[PDB]
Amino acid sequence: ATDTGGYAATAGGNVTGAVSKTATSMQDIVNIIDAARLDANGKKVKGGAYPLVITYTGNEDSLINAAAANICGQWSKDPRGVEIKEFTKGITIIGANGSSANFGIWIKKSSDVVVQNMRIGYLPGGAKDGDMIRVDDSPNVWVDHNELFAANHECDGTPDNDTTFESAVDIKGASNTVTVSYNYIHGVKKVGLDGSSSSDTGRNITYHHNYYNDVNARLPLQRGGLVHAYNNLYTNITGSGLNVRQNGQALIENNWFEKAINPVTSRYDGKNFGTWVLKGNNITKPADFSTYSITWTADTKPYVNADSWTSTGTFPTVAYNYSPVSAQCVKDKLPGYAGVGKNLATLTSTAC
């Protein structure tokens, strides 16, 4: 089936007529996709020649580990990323248990793409768009069960004092439907955009069952459109959490926030504040802030914090099927279903 538990509906490359290939390294993936574009006669087929499932078995722990040992030397290096440009036959990049990458995945003008079981860390090229996962002009994409990490730190002397490391899962353009789920994102300062600018508004994104720890902000930095965030575990948010801007609407349901600063907010623009519908989270009222170490701060420009913890607008009926567990259950159970090596295990109320 194609149910992603969110706005995206895709099985990626795991469809009829698909071809399975094993990639032992980054270049192997690049080579496999290149070959997947040619027909029996060596001629290119628009959108790819057939559906593809690429199982990545490479391991770049030495690169990830060396980078972690000298984080400030990363931003000035060349960015590395497997581009998935104009491949629309259906593609899946799934890492084998034990695999790892010190490069990212850049989805662009493609559709029906799935990324699973990929452990991506401490990527080089923060000053040159060295993103872990990027979804650009690509609908029906499912970023599921990955481990995206770096250091939630900003070295000095970096371009715009904001480039030590790039994003975990940036989304932009006509990536009309995307589902980001069961990802273990940690040590990331700038987690993910949902629109690249004030003018890149829209899209319907679902963030569910993601485990965020020690992340500074952008969970996501939402610009217009709809965002349904359910069953996520947000801990140690050092800057801000969901930032709803350019009149976007968010449905924040059954999440667990703890040791978070500005967990739900609308800042940095000074106008066109977005809205949120709160329900079933561990925080039910402002009295729960102290309980879960929830803190709020101000901004130089007009802003709206959920310091009242009340819905500030509405949200259309969620189109897809989804069965969220309780907030307490995500707190208790999520850390073992999210990330790589959980065999793509999903948390159901049965396990609560």
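For every residue, the number given is its place in the sequence shown, counted from 1.
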Higher of the two mean Cα B-factors (5-13, 327-335; per PDB record) comes from 327-335
Avg C-alpha B-factor, entry values, 187-195 vs 150-158, higher side is 150-158
Comparing C-alpha B-factors across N65, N31, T57, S293 in this entry, the winner is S293
Of the three thirds of Cα B-factor ranks in this chain, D144 occupies the lowest
Split the chain's modelled residues into thirds by Cα B-factor; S25 lands in the lowest
So, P302's CA B-factor, relative to its chain, sits in which third? The highest
Quick tally, chain-level thirds of C-alpha B-factors: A35 sits in the middle
Binned into thirds over the chain's modelled residues, the C-alpha B-factor of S111 lands in the middle
